[PDB]
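**Student:** Take a look at this one; I'll ask things after.
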Amino acid sequence: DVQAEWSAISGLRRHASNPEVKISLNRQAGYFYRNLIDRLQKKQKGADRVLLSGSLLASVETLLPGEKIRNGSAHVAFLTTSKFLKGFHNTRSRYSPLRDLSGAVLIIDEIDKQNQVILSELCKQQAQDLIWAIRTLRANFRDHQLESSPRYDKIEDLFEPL
Amino acid sequence: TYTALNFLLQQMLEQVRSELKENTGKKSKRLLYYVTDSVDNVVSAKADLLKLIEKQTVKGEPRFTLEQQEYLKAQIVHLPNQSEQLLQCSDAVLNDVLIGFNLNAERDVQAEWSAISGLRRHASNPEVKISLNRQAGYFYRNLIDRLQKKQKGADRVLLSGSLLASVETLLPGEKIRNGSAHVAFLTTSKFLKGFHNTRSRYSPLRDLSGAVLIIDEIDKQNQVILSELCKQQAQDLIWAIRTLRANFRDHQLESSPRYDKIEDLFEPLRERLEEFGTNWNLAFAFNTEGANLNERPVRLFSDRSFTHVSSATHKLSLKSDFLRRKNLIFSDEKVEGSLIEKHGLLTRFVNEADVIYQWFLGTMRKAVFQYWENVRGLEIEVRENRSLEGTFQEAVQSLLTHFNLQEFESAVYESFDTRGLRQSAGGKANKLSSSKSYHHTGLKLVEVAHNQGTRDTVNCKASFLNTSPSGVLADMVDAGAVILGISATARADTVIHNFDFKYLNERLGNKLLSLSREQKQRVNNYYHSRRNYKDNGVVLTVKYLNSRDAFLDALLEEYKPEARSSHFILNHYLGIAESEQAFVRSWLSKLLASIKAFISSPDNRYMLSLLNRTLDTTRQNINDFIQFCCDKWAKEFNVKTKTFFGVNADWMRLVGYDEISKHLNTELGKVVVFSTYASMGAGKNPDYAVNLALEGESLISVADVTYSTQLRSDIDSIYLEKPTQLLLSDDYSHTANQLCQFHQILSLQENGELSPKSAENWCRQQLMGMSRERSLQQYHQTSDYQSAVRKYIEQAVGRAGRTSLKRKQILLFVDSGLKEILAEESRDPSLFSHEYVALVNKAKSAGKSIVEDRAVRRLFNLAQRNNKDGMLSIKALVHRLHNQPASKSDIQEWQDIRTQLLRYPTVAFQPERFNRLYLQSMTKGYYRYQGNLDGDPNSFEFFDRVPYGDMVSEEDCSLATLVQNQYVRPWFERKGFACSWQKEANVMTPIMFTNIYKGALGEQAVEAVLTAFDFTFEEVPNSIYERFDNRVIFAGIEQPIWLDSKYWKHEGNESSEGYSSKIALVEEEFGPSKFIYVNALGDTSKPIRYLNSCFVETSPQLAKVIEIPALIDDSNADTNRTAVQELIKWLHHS
Amino acid sequence: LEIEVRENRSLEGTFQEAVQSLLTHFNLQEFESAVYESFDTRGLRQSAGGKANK
Amino acid sequence: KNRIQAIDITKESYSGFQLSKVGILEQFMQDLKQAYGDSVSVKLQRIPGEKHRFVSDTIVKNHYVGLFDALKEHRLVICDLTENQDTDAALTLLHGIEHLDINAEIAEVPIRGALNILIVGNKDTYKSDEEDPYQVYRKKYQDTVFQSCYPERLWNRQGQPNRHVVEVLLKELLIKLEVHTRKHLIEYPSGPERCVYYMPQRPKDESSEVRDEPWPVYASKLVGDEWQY
DNA sequence: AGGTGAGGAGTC
DNA sequence: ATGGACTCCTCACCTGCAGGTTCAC
DNA sequence: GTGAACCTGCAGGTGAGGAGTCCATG
DNA sequence: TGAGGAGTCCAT
């Protein structure tokens, strides 16, 4: 998959002069990026963790800037509201900044309009069928049980009333 | 092509003729197809059809008028892929369609369309072309999906006028649904996928009643279908079972007159799901426990009949821990022996999961057919019309919504119809009482590994093949379709490069039409009329070339005269290392030797060389060498030469193939072309226009009549090499390649070219990681290989020549590896070409070769295969008959086999239903074998190879003296039990002659002598079945009486704990019991043995088991009435 | 506790693995997207006054 | 390492004879002539010789048969001491041994008082203070003959069993047995008498890089029919 | 910790 | 930027059948 | 009279050894 | 009878 799709985009970038190839390139690049990073992540998800040093480290820090925060090279980030509410990728997973806020400093400019922006993000959320969900949960919770191990201690007692 | 297209035109006219006779009724139209494997061929055939309609005359005057021609040309449609379909419609059509359906208000559609059109306007260079194709596909998908949903049930816009023209241009498949056209042209790959109309996607393989199919190059298609069957998806077998068991406990259907007789089909499946739950504790997760089990994954391979392979070192086991609350896969005791496993087996879990999973996908099809039956005629409340092709998605969604199962939608959709299209064929059962074959059973591959993320759970992935290509081809005929396959090698004797015509002669029958001898001779006369060589003086010269090293040694020295040796020149200036030196020398010598002979001859101009590798830039160093040689040999004689390198399929469609003809009819000289076997299979018509000013006198015509149009000629010199790798391989993924290889191994085992021992070894090494070279080595020891090579030689020479103008000298040079193989040809030379006969005859004149006929080998191998399956199937059956509960299908299957063998111990023709019970012997009535029936099945040997082994024949059952008793013969004659062995070439296998025939033969002889003198027989109450023969009742006797038999004086070493266990188990529940052990056909002179509960023989009165030596003696078949009287005495007041 | 192969030990590392374990032992796995899209915005509730309906 | 063959006369070709270490030597003598004429020449020496004994193949074969006969009348045990047990090394080795009419057995722990062939792992892998299976099971049992091998040496490049290794292991076992019992078992020839054999021995300590540091020297001799060490 | 010999790489 | 001398390293071998002579009984 | 050892010196060695193409998927 | 328009992020 990779070589064919990459060759297409690489060829099309050279003739990027008319205001017609721009529209096609903009949409094509976004699709390519997702698949490439997904393959990278599942390759380094345990198993054969390929190490990074020298040239490879620099290249991956150019394609994934969000990695530089994880190792400890940079600690100052500039970004927008929409990207702040969603997150940025690293070499291992997607890092949501709304789960680790202890400490930190947040400078927000034009605090009034943020209200509208956030509201928009809340509206674009998928629906859910209720009959299907209730029947599924009812069927699967009748007989299934967890394990009895130290790592699963006092977790089962949180599900008894449900 | 002329004959086939004329055949099409005749049917086109018959439909019109029928239309004008029949208002007195109304029906539909007949669909005609023309499928092949290449796009170019489809387009060319369509063009020729139109030309034939225009330029056809009768009595020197047109057969049709101008206005009549338009009607005929308006009924032919061509169906390309989606990407090409979009790029032919202009902006006006698409704008009209978008406005008509009010899709311009949406933002996404308009944005996408803007991008597509913008790239379309600047599509010149081959960089935006690649992107344009990929974007066109996606846009087509989205547009069609929205159009379909808007036409579904409401807001159906009415189509008439210009809108109809726009839609029909964008969707050609519409023209068939309304009824405008009934002739289609398409490829094979698109034929297996379907095409689109306004409502939904149309699958041509779901309705084939009354359809004519014309297939060109029939033999090649075996590969194409296979590649489509290996691209399927995998499935987890733990999730599937736990999702089916949970949703089949409380969910119920509706009670309406449209759901009639559908809730009675899912009941047995519901019953089995719960048993599979309680037996394996499916309320817990799965995990491994131990070293060497968490390092490598575990792979299992099953053929579903007798072949099973595992990837571990010791048998694995399953446990259930009630304190850790989990199921553990442990390796158990890895030392030799030491308390053989009594917990469980992984293989059983996998095999039983599969049957249920495929039991759920076959019931749904039956349900949908029943739904259509009830909705078409028993409701008719809302008019909907349409047939089973229309009530397809509604009947699926209804059931799936009711059962809360919405994840199986895709898997149901891939294989679905009335019944099947990707699921079995023929007998449709894996049992002795059904016809069994590989082409409708398939194979299963399973892998066990850790789940993603979680470090405590494991999963089981499975991949399946359900039908061979031959089975699909046969089901198409049974549907009601007519298939016409045209080729020159359409009946080759290969199973890898062609279909299996033995399986098609046992399943089809008289539906496989064939030509007669008179017709064949008529065709032969026609061919000799159009190509006559025993006049005008045409001769064919053949020569075989061996390897010459001194020939190449001097040439290399002359190429670089300042070097020292030859190996140094070859290694340094050319680019081959020391490993690749012998093989290189071998081919290059022969190639150059042939070129010298071509150049020396005066009256030759054109030469084509067929190799197995491309001579391109990657081999530049070699190219120069060849070039140099030519120049030298051009100066030695007096003629100029020209050479053409790098002839690829890419080169053919980038530079063309019309340059050689131009250089041949404009300039004098000689031409040499380098090509391969596969390259000259997609580029056709290698002809050049002639010009008599340049050529000499050697253009003698061979046709008995004159010939029309321009004057053209062909090749007059050919070099033939020997083919290279002939084993198929896939490239889609890893699993696809694995499935391909297993398919081929099993096919060869099926036909009879491989023995079970070799096949099992090959499968095992495939599982552990194997190289291609070893696989080819295993392939080269079979008789199929030689057939493949001969097929390619035939095709290569057949395609060389298409005119009636030939020279007086045609030269054929052949490598020295094909001599023996060509000398082994033995078919009828009635429809052969002219060059092939010369090759065969030239090879056949050297010495002589002993020919061991393939039949003789096939008989031995097939005998082994049938005997092997019998043992395993019988063991599985009896084990399933010892489960605490006994089922009802099993007792039926147990009865049928014995009844069938008693009625027909030796059939004459080929059995159809009970096929893996009879073996074909060279002699007619008996055969000799030697082996062990309780050991390794892959150690047996039959026939002349064992001239001192045990015998299977009529004299060893003593059937003569068996039926000579007065109270036994009438019983045998009444129920049609044969008392003789008809001498035919089909006897029962050695597994069904000692453990089945013998028992059932004596068991029923008991029921005659005992029954004539009182006594009454009964049946086993489903709890002790196969642990005892029958139950006997007489004169109101208490303590219910059971008996058992051992036919003749046959002894079994079960006097140990086994007999005591049987007695104990019977008495623990049924209470006190009496046991009658008796034999027959033995010595009736021994006393009666009254054994106690143990084997400590007690007094006559205080005994529980009576043993009689014999009742019917073997001398002259008397009756031991003394034994019967004593038996009555013991089983009485006492 | 429970010494084993160790790496960054916080909410981030244990999040995905814990979700997959709990959603593999109880069957399900059709709810993965919902649980992933609710642990970002709604995840900071249950403050006994910040989120309670009584 | 890279190496070139000494001589090659395959298929009686003169091009292959020019690409060896004795084919270049022929060219060297033809280059001293075409630059110097006959002014400089190099002549080689022929060692005198009158006693030269060619050895046939039958004598070696008959020697090894009697070699194995003596080993037949004893006990042979195979044991496995790898950590992550894998491969059928014991089974393969036993098959190779039993093809020579020598019957052996498999044990889970080494037996005292019998010939032992042990299967061990790489020496570097085990830690310094880790108690090497080989060292441990040696020091405790001090009246027993021992042998060892790695499990990778019993399989060739193409996967077939390697016979040669099996013969070598058996012959070495017999040699140690001969040392232990102080009396020869097979017929060796006779040698000069009234002589004593001395062998210096380098210290195994890594500090023994001293050139002149004195070494222990070990002595052996024969009296009557018994060797004294 | 197969063996005995014959022989190509890396430094005071 | 140079030359020729010790010490430690890796790598290959461990044939096979066919035709003429000869005792050994 | 013959059939077992016995004694040179000519061959042959892991397997076998590559192009070309249809269609759906964001 | 009631009011009257442009400007934006990001992953598919």
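To be explicit about the labels: the chains of the structure tokens are called A, B, and onward in the order shown, and within each one the residues are counted from 1, while ligands get numbers from 1 in the order they are shown.
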Skipping near chain neighbours, those fewer than 3 positions away, what residues fall within 7 Å of region 35-43 of chain C using only C-alpha atoms (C1' of nucleotides), listed as a PyMOL selection string?

**Tutor:** (chain A and resi 98-99) or (chain C and resi 31-32)

**Student:** Please run DSSP on the backbone and report, as JSON, numbers by chain, all residues within region 4-143 of chain A that come out as alpha helix (DSSP H).

**Tutor:** {"A": [4, 5, 6, 7, 8, 9, 10, 11, 12, 13, 14, 21, 22, 23, 24, 25, 26, 27, 28, 29, 30, 31, 32, 33, 34, 35, 36, 37, 38, 39, 40, 41, 42, 43, 44, 55, 56, 57, 58, 59, 60, 61, 62, 63, 67, 68, 69, 70, 71, 81, 82, 83, 84, 85, 86, 114, 115, 116, 117, 118, 119, 120, 121, 122, 123, 130, 131, 132, 133, 134, 135, 136, 137, 138, 139, 140]}

**Student:** For residue 58 (chain D), list every protein, DNA or RNA residue within 12 Å, evaluated using only C-alpha atoms (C1' of nucleotides), and leave out those in the same chain fewer than 3 positions away; present the list as a PyMOL selection string.

**Tutor:** (chain D and resi 55+61-65) or (chain G and resi 5-7)

**Student:** Create the file for the chosen residues now, containing C-alpha atoms (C1' of nucleotides) and written as a tab-separated table (two decimals), in the first residue's frame.

**Tutor:**
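Saved to again.tsv:
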```tsv
chain	number	residue	atom	x	y	z
D	55	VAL	CA	48.19	-45.77	3.46
D	61	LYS	CA	38.27	-49.06	8.47
D	62	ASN	CA	39.42	-52.24	10.20
D	63	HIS	CA	41.13	-50.15	12.89
D	64	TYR	CA	37.94	-48.27	13.74
D	65	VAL	CA	35.84	-51.46	13.93
G	5	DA	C1'	38.06	-60.68	-0.49
G	6	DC	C1'	41.50	-57.69	-2.55
G	7	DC	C1'	43.42	-53.76	-5.30
```

**Student:** Which residues are near region 13-17 of chain F? Cut-off 10 Å, only C-alpha atoms (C1' of nucleotides), ignore same chain within fewer than 4 positions. Put them as a list in words.

**Tutor:**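 The contact residues come out as residues 163, 164, 165, 167 and 168 of chain D; 11 and 12 of chain G.
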
**Student:** Using only C-alpha atoms, tabulate the residues of chain A lying at most 10 Å from any atom of chain B, each with its closest atom pair and that distance in Å to one decimal, by chain and increasing residue number, as a Markdown table.

**Tutor:**
```
| residue | atom | partner | partner_atom | distance |
| --- | --- | --- | --- | --- |
| A:4 | CA | B:130 | CA | 9.6 |
| A:5 | CA | B:131 | CA | 9.0 |
| A:7 | CA | B:127 | CA | 9.2 |
| A:8 | CA | B:131 | CA | 6.2 |
| A:9 | CA | B:131 | CA | 8.0 |
| A:10 | CA | B:127 | CA | 9.3 |
| A:11 | CA | B:127 | CA | 5.8 |
| A:12 | CA | B:127 | CA | 6.2 |
| A:13 | CA | B:127 | CA | 9.7 |
| A:14 | CA | B:127 | CA | 9.6 |
| A:15 | CA | B:127 | CA | 8.9 |
| A:18 | CA | B:122 | CA | 9.7 |
| A:19 | CA | B:118 | CA | 8.9 |
| A:20 | CA | B:118 | CA | 5.5 |
| A:21 | CA | B:119 | CA | 6.7 |
| A:22 | CA | B:115 | CA | 9.1 |
| A:23 | CA | B:115 | CA | 6.3 |
| A:24 | CA | B:115 | CA | 5.9 |
| A:25 | CA | B:131 | CA | 9.5 |
| A:27 | CA | B:115 | CA | 9.7 |
| A:28 | CA | B:131 | CA | 9.1 |
| A:42 | CA | B:452 | CA | 9.3 |
| A:45 | CA | B:453 | CA | 8.0 |
| A:46 | CA | B:453 | CA | 8.5 |
| A:131 | CA | B:404 | CA | 9.7 |
| A:132 | CA | B:404 | CA | 7.2 |
| A:135 | CA | B:404 | CA | 7.9 |
| A:136 | CA | B:404 | CA | 7.9 |
| A:138 | CA | B:246 | CA | 9.8 |
| A:139 | CA | B:246 | CA | 6.0 |
| A:140 | CA | B:246 | CA | 6.6 |
| A:141 | CA | B:246 | CA | 9.6 |
| A:142 | CA | B:246 | CA | 8.7 |
| A:143 | CA | B:283 | CA | 6.2 |
| A:144 | CA | B:283 | CA | 5.1 |
| A:145 | CA | B:284 | CA | 6.4 |
| A:146 | CA | B:325 | CA | 7.2 |
| A:147 | CA | B:325 | CA | 5.3 |
| A:148 | CA | B:324 | CA | 5.1 |
| A:149 | CA | B:324 | CA | 6.9 |
```

**Student:** Please report as JSON, numbers by chain which residues of chain D come no farther than 10 Å from chain B, using only C-alpha atoms.

**Tutor:** {"D": [14, 15, 16, 17, 18, 19, 84, 85, 86, 87, 88]}

**Student:** Please, could you write that set of residues out with N, CA and C atoms as an mmCIF file, in the first residue's frame?

**Tutor:**
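Final output, part_18.cif:
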```
data_model
loop_
_atom_site.group_PDB
_atom_site.id
_atom_site.type_symbol
_atom_site.label_atom_id
_atom_site.label_comp_id
_atom_site.auth_asym_id
_atom_site.auth_seq_id
_atom_site.Cartn_x
_atom_site.Cartn_y
_atom_site.Cartn_z
ATOM 1 N N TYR D 14 42.634 -26.039 -18.488
ATOM 2 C CA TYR D 14 43.814 -25.210 -18.290
ATOM 3 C C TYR D 14 43.473 -23.803 -17.815
ATOM 4 N N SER D 15 42.207 -23.390 -17.916
ATOM 5 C CA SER D 15 41.785 -22.109 -17.359
ATOM 6 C C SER D 15 41.614 -22.171 -15.846
ATOM 7 N N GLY D 16 41.145 -23.305 -15.317
ATOM 8 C CA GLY D 16 41.021 -23.458 -13.878
ATOM 9 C C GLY D 16 42.330 -23.707 -13.162
ATOM 10 N N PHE D 17 43.332 -24.225 -13.872
ATOM 11 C CA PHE D 17 44.658 -24.416 -13.300
ATOM 12 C C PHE D 17 45.424 -23.105 -13.179
ATOM 13 N N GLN D 18 44.995 -22.064 -13.892
ATOM 14 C CA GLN D 18 45.640 -20.756 -13.871
ATOM 15 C C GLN D 18 45.164 -19.860 -12.736
ATOM 16 N N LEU D 19 44.252 -20.327 -11.889
ATOM 17 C CA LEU D 19 43.625 -19.488 -10.876
ATOM 18 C C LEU D 19 43.825 -20.059 -9.476
ATOM 19 N N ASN D 84 16.130 -23.572 29.110
ATOM 20 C CA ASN D 84 14.897 -23.582 28.321
ATOM 21 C C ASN D 84 14.920 -24.752 27.335
ATOM 22 N N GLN D 85 14.627 -25.939 27.870
ATOM 23 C CA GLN D 85 14.759 -27.178 27.111
ATOM 24 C C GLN D 85 14.003 -27.112 25.793
ATOM 25 N N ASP D 86 14.680 -27.526 24.726
ATOM 26 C CA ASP D 86 14.112 -27.547 23.387
ATOM 27 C C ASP D 86 14.965 -28.486 22.546
ATOM 28 N N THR D 87 14.425 -28.869 21.385
ATOM 29 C CA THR D 87 15.074 -29.763 20.424
ATOM 30 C C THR D 87 15.222 -31.180 20.969
ATOM 31 N N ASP D 88 15.204 -32.166 20.077
ATOM 32 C CA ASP D 88 15.374 -33.571 20.451
ATOM 33 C C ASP D 88 16.835 -34.009 20.362
#
```

**Student:** Applying 8 Å and only C-alpha atoms (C1' of nucleotides), which residues near residue 97 (chain B) remain after dropping the ones on its own chain fewer than 2 positions away? List them as a PyMOL selection string.

**Tutor:** chain B and resi 93-95+99-101+163+166-167

**Student:** Quick one: residues within 8 Å of residue 122 (chain D), only C-alpha atoms (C1' of nucleotides), excluding same-chain residues fewer than 4 positions away - as a ChimeraX atom specification?

**Tutor:** /D:126,150 /E:1

**Student:** Output C-alpha atoms (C1' of nucleotides) for every residue in the selection just made, as a compact mmCIF listing (two decimals), in the first residue's frame.

**Tutor:**
```txt
# COMPACT_ATOMS: atom_id res chain seq x y z
CA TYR D 126 25.89 -18.21 32.53
CA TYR D 150 26.53 -27.85 22.57
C1' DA E 1 32.54 -26.54 26.09
```

**Student:** Which residues are close to residue 16 (chain G), i.e. within 10 Å by only C-alpha atoms (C1' of nucleotides), leaving aside same-chain residues fewer than 5 positions away? Reply as a PyMOL selection string.

**Tutor:** chain B and resi 724-725+772-777

**Student:** Please save N, CA, C and O atoms of the selected residues as an mmCIF file, in the first residue's frame.

**Tutor:**
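Done, and the output landed in part-v5.cif:
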```
data_model
loop_
_atom_site.group_PDB
_atom_site.id
_atom_site.type_symbol
_atom_site.label_atom_id
_atom_site.label_comp_id
_atom_site.auth_asym_id
_atom_site.auth_seq_id
_atom_site.Cartn_x
_atom_site.Cartn_y
_atom_site.Cartn_z
ATOM 1 N N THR B 724 10.323 -22.961 -16.961
ATOM 2 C CA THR B 724 10.907 -22.684 -15.657
ATOM 3 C C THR B 724 9.720 -22.781 -14.702
ATOM 4 O O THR B 724 8.690 -23.329 -15.105
ATOM 5 N N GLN B 725 9.899 -22.408 -13.427
ATOM 6 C CA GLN B 725 8.991 -22.713 -12.314
ATOM 7 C C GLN B 725 7.533 -22.856 -12.751
ATOM 8 O O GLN B 725 6.950 -21.946 -13.349
ATOM 9 N N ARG B 772 11.104 -22.411 -1.672
ATOM 10 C CA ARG B 772 10.470 -22.710 -2.953
ATOM 11 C C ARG B 772 11.158 -23.868 -3.664
ATOM 12 O O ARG B 772 10.500 -24.669 -4.347
ATOM 13 N N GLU B 773 12.476 -23.974 -3.505
ATOM 14 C CA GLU B 773 13.257 -24.901 -4.310
ATOM 15 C C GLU B 773 12.910 -26.343 -3.952
ATOM 16 O O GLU B 773 12.760 -27.200 -4.835
ATOM 17 N N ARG B 774 12.752 -26.612 -2.654
ATOM 18 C CA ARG B 774 12.340 -27.931 -2.187
ATOM 19 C C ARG B 774 10.954 -28.287 -2.711
ATOM 20 O O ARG B 774 10.698 -29.436 -3.097
ATOM 21 N N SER B 775 10.042 -27.311 -2.720
ATOM 22 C CA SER B 775 8.698 -27.545 -3.235
ATOM 23 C C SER B 775 8.735 -27.941 -4.705
ATOM 24 O O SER B 775 8.042 -28.877 -5.125
ATOM 25 N N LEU B 776 9.546 -27.242 -5.503
ATOM 26 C CA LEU B 776 9.669 -27.608 -6.911
ATOM 27 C C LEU B 776 10.288 -28.992 -7.070
ATOM 28 O O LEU B 776 9.913 -29.751 -7.975
ATOM 29 N N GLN B 777 11.244 -29.338 -6.201
ATOM 30 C CA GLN B 777 11.806 -30.686 -6.239
ATOM 31 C C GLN B 777 10.729 -31.740 -6.007
ATOM 32 O O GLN B 777 10.682 -32.754 -6.711
#
```

**Student:** Would you mind reading off the distance between CA of residue 942 (chain B) and CA of residue 929 (chain B), one decimal, in Å?

**Tutor:**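 About the pair CA of residue 942 (chain B) and CA of residue 929 (chain B): they are 4.5 Å apart.
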
**Student:** Choose the residue, out of D:162, D:57, D:95, D:51, that has the smallest atom-to-atom separation from chain E; count only C-alpha atoms (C1' of nucleotides).

**Tutor:**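 Among the listed residues, the smallest separation from chain E belongs to D:162.
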
**Student:** In Å, rounded to a single decimal, give me how far CA of residue 301 (chain B) is from CA of residue 39 (chain A).

**Tutor:**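 Straight-line distance from CA of residue 39 (chain A) to CA of residue 301 (chain B) works out to 29.3 Å.
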
**Student:** Hey, which bits of chain E sit within 12 Å of chain D, and for each residue what's the closest pair of atoms and how far apart in Å (one decimal), counting only C-alpha atoms (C1' of nucleotides), rows by chain and increasing number, as a Markdown table?

**Tutor:**
```
| residue | atom | partner | partner_atom | distance |
| --- | --- | --- | --- | --- |
| E:1 | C1' | D:149 | CA | 6.3 |
| E:2 | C1' | D:165 | CA | 6.0 |
| E:3 | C1' | D:168 | CA | 7.1 |
| E:4 | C1' | D:168 | CA | 11.8 |
| E:6 | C1' | D:3 | CA | 11.7 |
| E:7 | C1' | D:3 | CA | 9.0 |
| E:8 | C1' | D:1 | CA | 5.6 |
| E:9 | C1' | D:1 | CA | 7.8 |
```
